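Engineer: Let me see the structure of the following:
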Amino acid sequence: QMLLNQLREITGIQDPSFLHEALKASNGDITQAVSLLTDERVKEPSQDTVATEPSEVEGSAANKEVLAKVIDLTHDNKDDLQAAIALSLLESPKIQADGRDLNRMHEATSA
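Structural biologist: Numbers count the residues shown, from 1 in each chain. Okay, here it is:
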């Protein structure tokens, strides 16, 4: 009964099955069996134990959270008015000053 007695003595676990299962987990190595049972104090740092005390003042009375964004950029701009304005701006005359079509005109003011 030596392996059960030894492990029990050097872990503290009184449950005979837990002792077998440690020896089973360690594939026979009783030292590893101790290490695996003492994981109760070797686990540290432990899992997410969130260090946050509940706020006594809870303004959030509505348990219902409706998170509905307004990022609907439905611009839906058709190619029709785009290509219309674009065409009208592309045909912009070589007149760079109001109306210089009449460059070198003859006013015909006979005075």
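Engineer: in the chain, which spans are helices?
Structural biologist: With DSSP state H as the criterion, the chain has helices at 2-11, 16-25, 30-37, 39-42, 79-90.
Engineer: Would you mind measuring the gap between the ends of stretch 41-56?
Structural biologist: Length of stretch 41-56, first residue to last, Cα to Cα, to the nearest Å: 33 Å.
Engineer: meant to ask about stretch 86-95
Structural biologist: Using Cα to Cα, the end-to-end distance of stretch 86-95 comes out at 18 Å.
Engineer: Then stretch 60-67?
Structural biologist: Stretch 60-67 has its terminal residues 14 Å apart, counting by Cα to Cα.
Engineer: For residue 101, find the nearest of the helices of the chain.
Structural biologist: Residue 101 lies closest, by Cβ to Cβ, to one member of those: helix 79-90, at 18.9 Å. From N, CA and C alone the C-beta is placed, and that goes for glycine too.
Engineer: And the residue nearest the centre of the protein?
Structural biologist: By Cα atoms, centre = their mean, the mean C-alpha position of the chain lies nearest to residue 67, the distance being 15.9 Å.
Engineer: how much space between that one and residue 29?
Structural biologist: 53 Å (Cβ to Cβ, to the nearest Å).
Engineer: got it, and residue 105?
Structural biologist: Counting by Cβ to Cβ, the gap from residue 105 to residue 29 is 110 Å.
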